[PDB]
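Below you'll find the structure, written out as structure tokens, and then a few comments.
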Amino acid sequence: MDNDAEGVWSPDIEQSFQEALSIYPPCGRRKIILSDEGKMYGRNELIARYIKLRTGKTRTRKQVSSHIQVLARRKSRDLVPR
């Protein structure tokens with residue numbers, strides 16, 4: 001249990017993460033009409049934009065992408081044993 005696991009990170013950061021992960025889940029909506037707007041960069045920028053609007057605090061993108069991938073693993077455990 002290194003000192004790094006002492007929750008040195010602010011709780012407002014980890015909180016803003018759930019807000020972006022809660023707002024942007026692994027499912028619910030999948031559309032991107034680029035033919036019209038012609039301006040739609042990586043979705044990772046959408047999750048980072050949220051945390052950036054929280055309080056101008058950090059805005060991790062790789063950490064917010066990894067968190068969304070973890071949610072997909074929870075759905076994979078829905079193997080109906082019948």
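Quick note on naming: the chains in the structure tokens go A, B, ... in the order shown, residues restart at 1 in each chain, and ligands are numbered from 1 in order of appearance.
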
- Task: Using DSSP on the backbone, list every residue of stretch 39-81 of chain A that comes out as alpha helix (DSSP H), and give them as a list in words.
- Result: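 Alpha helix (DSSP H) assignments inside stretch 39-81 of chain A correspond to residues 44, 45, 46, 47, 48, 49, 50, 51, 52, 53, 54, 55, 62, 63, 64, 65, 66, 67, 68, 69, 70, 71, 72, 73, 74 and 75 of chain A.
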
Mind checking which residues fall within 10 Å of residue A:18, counting only C-alpha atoms, ignoring those fewer than 6 positions away in the same chain, and posting them as a PDB file with N, CA, C and O atoms, in the first residue's frame?
```
ATOM      1  N   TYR A  24     -22.013  10.016 -19.970  1.00  0.00           N
ATOM      2  CA  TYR A  24     -21.597   9.313 -21.171  1.00  0.00           C
ATOM      3  C   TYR A  24     -21.281   7.849 -20.870  1.00  0.00           C
ATOM      4  O   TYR A  24     -20.125   7.490 -20.644  1.00  0.00           O
ATOM      5  N   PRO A  25     -22.307   6.979 -20.867  1.00  0.00           N
ATOM      6  CA  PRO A  25     -22.139   5.559 -20.597  1.00  0.00           C
ATOM      7  C   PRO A  25     -21.746   4.775 -21.847  1.00  0.00           C
ATOM      8  O   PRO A  25     -21.706   5.325 -22.947  1.00  0.00           O
ATOM      9  N   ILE A  51     -15.320  17.523 -17.643  1.00  0.00           N
ATOM     10  CA  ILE A  51     -14.480  17.729 -16.473  1.00  0.00           C
ATOM     11  C   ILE A  51     -13.841  19.111 -16.509  1.00  0.00           C
ATOM     12  O   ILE A  51     -13.551  19.701 -15.468  1.00  0.00           O
ATOM     13  N   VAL A  64     -10.290   8.741 -18.523  1.00  0.00           N
ATOM     14  CA  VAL A  64     -11.727   8.772 -18.730  1.00  0.00           C
ATOM     15  C   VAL A  64     -12.152   7.750 -19.777  1.00  0.00           C
ATOM     16  O   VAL A  64     -13.312   7.346 -19.826  1.00  0.00           O
ATOM     17  N   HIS A  67     -11.958   4.258 -17.953  1.00  0.00           N
ATOM     18  CA  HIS A  67     -13.082   4.097 -17.042  1.00  0.00           C
ATOM     19  C   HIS A  67     -14.320   3.610 -17.779  1.00  0.00           C
ATOM     20  O   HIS A  67     -15.103   2.822 -17.248  1.00  0.00           O
ATOM     21  N   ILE A  68     -14.489   4.079 -19.005  1.00  0.00           N
ATOM     22  CA  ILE A  68     -15.631   3.686 -19.819  1.00  0.00           C
ATOM     23  C   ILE A  68     -15.485   2.250 -20.295  1.00  0.00           C
ATOM     24  O   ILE A  68     -16.475   1.547 -20.503  1.00  0.00           O
TER      25      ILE A  68
END
```

- Spatial neighbours of residue A:59, 10 Å, only C-alpha atoms, chain gap at least 5 places, as a list in words: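 Non-adjacent residues within range: residues 13, 16, 17, 45, 47, 48, 49, 50, 51, 52, 53, 54 and 64 of chain A.
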
- Task: Give the answer as one residue: which of A:3, A:78, A:63, A:73 has the shortest atom-to-atom distance to residue A:44, using only C-alpha atoms?
- Result: A:63

- Message: Report, in Å with one decimal, the straight-line distance from atom CA of residue A:65 to atom CA of residue A:46.
- Response: 10.7 Å

- Note on the structure: Using only C-alpha atoms, the best pick from A:76, A:39, A:55, A:29 as closest to residue A:12 would be A:55

- Atom pair atom CA of residue A:69 / atom CA of residue A:15: separation (Å): 17.7 Å

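Of the residues under consideration (A:14, A:77, A:19, A:8), A:14 shows the shortest atom-to-atom contact distance to residue A:58 when counting only C-alpha atoms.
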
- Judged by only C-alpha atoms, the minimum distance to residue A:31 among A:71, A:4, A:43, A:56 is found for A:43
